[PDB]
Every structure is written in structure tokens, then in C-alpha cells.
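Form deposited without this ligand, single chain, as C-alpha cells, below.
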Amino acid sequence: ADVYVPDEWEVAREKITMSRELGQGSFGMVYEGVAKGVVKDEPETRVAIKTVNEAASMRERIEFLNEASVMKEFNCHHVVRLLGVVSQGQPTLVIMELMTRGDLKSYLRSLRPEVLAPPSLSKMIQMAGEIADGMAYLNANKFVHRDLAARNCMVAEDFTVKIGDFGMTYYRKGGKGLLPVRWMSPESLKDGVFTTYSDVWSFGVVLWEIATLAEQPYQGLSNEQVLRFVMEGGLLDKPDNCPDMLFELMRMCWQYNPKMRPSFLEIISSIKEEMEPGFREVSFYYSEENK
């Protein structure tokens, strides 16, 4: 059945130290801490430590390990990075790049007027560019997320937004659990079809999440009713004071016909100029890899 083969990603648990908890995960408590020599020319690094509770069986601890391993394949500045693993011995761990600000959704709800500035067009274009960049990288690497949502993106100390670690199981498909209707494309709801295009659809919804400081998409309607609405050409409303240009993107990512929607590279291409100066140096888009 299940088995985990140790590899070069292994790290000595003596190099890892946990200061405090960040939050409960699917397999157990997630902590914050420090790891030595997990980054090039970096003696120590602050990291996120995912663990599995003692109550966990072998299969679970192994499943935890094989799931975290999907991230071994990826290396993008705009995708949260795996830094190591501790499979040998009890407190099965996984060391991840630390995103001090949490998931994008929680970060957006945090600016809720209920005293910092909301996000300005400039700020939003940045997050969108970063998210689109990590998605273009992933799609370029034959992977279809299938569960892109603000809650699945993470925010770094310097406010850089990245795509959180994911699970997996031709184009590989991510996604795990009961997929949420409010982020699904019409063709996904109708035929169960997932593509780079339906990832773009979901992208438009997170732009809408951003623009609404994370309101519930199709708020007021049941998922059951959303299923039909969306399949019927129904779309989300233009947020109260949403920048025209921002809503333009949304509308294009929401073309009923998948082929009519832009790719993440085309999304980026059309907003790259409104990106920060550093983008050119860290982006997949401007990387040698993109071609």
C-alpha cells in the first residue's frame, strides 16, 4: 500500500526548533520556529513546522509525508516553498517557508473597516500579478490547481502573496476535499472539466475576494442556487468601489467559453507595467524558464 522513501530533503530534527503554534492543520498542529542550514548561505531560517499528532497512525504520517512531497517538485518565488522533511523518527515534521501574515483571505478580512488603508489599485494589481505568476509557473509545469481561492494563497512578511502548498492526485490536478462551488467554473460544474482555463476562472473570483476584502462570493445564494446561476451565465457583481480596470480582468477571466479567457501569462503581460520594480527579478514570467 503506502510507503515513504527517504531522500535528500531530510533534515536532522536537532536543527529544528519550534517557538510557538500557528494553528491546527489537517494532520496536526502547525508551529513557527527556526531551521538551520535549510537556505543557501543562511545559517538559520524562520519556518513553519507542520506536524502530525501522536494519535496518528503510520499510514497517516506517511500520507502526510507523501502529500507534502508534491511541493518538492516546485521552486517559484510566488509559490510557498518546502524547505525540508523529518520522516525518520517520531514527530513527523515538514518544514515550510514561513508566511507570517497567514492566508490571503484572513489577511483581507483583517483590513476590514470593522487603521490601515484598504487596498489601493496598485496594491491589488501587485497581489494579482504575484498570484498569476505562481499560477503561470504551476500551469507551465503541467499542474492544474483546481482549488484556487484567497484562502489557499499565503501572505509573507513583506506582503508578497504566494500560492500555498497543495496536494496532488499529462496535466496533474491539485485539489483535496470537497471542492467549493463558489469558485468553480461553469464547465467544471457542468462536466467536471478542469483546465488551466478554469484555474483562470477561479483566479477572477479571488480578485473579487481581494476587491471585497473577502466577502462570500454569491453571498445570499445557496451553493445549490449558485451551481445553476453560474452554469446559466450568471456572474459576480462589480464590487462597491471596484476599480474599473480590476473588474475588467474579472470579466475576462469569467468568459463562459474557456478559450476566450486569458492565460495567466496573458493576464500578467497586460499588467506587468503596473507591477513593482522587483517583480522582474523574482518572477517566473521574467525568468529564463518562461518559454
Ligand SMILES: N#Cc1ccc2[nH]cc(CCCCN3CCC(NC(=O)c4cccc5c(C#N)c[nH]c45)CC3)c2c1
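All residue numbers are counted from 1 along the displayed sequence. For clarity, a rigid core is taken as the largest C-alpha set superposing within 1.5 Å between two forms.
The same protein has a further form, the form deposited with this ligand bound, not shown here; the description that follows concerns it.
Contact with this ligand in the bound PDB entry, defined as any heavy atom within 4.5 Å, is confined among 244-252, 260-268, 66-74, 227-235 to 66-74. Checked against this ligand in the bound PDB entry, the candidates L108, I131, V86, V206 yield a single residue with a heavy atom inside 4.5 Å, and that residue is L108.
Checked against this ligand in the bound PDB entry, the candidates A136, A211, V200, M127 yield a single residue with a heavy atom inside 4.5 Å, and that residue is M127. Across the proposed site, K123, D158 and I163 without exception bring a heavy atom within 4.5 Å of this ligand in the bound PDB entry. Although the partner is absent here, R81 is a contact residue: one of its heavy atoms lies within 4.5 angstroms of this ligand in the bound PDB entry. Proximity of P119 to this ligand in the bound PDB entry falls within the 4.5 Å heavy atom cutoff. Mapping the unseen interface onto this chain, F194 counts among the residues with a heavy atom inside 4.5 Å of this ligand in the bound PDB entry. Although the partner is absent from this view, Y218 stays clear of this ligand in the bound PDB entry, with no non-hydrogen atom inside 4.5 angstroms. Looking at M58, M260, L235, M245 after a core superposition between this form and the one not shown, you find that only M58 has a C-alpha shift of 2 Å or more.
Relative to the superposed core, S270 shifts its CA atom by less than 2 Å between this form and the one not shown. Core-aligned CA deviation for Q88 between this form and the one not shown: 2 Å or greater. With the core held fixed between this form and the one not shown, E281 has its Cα displaced by under 2 Å.
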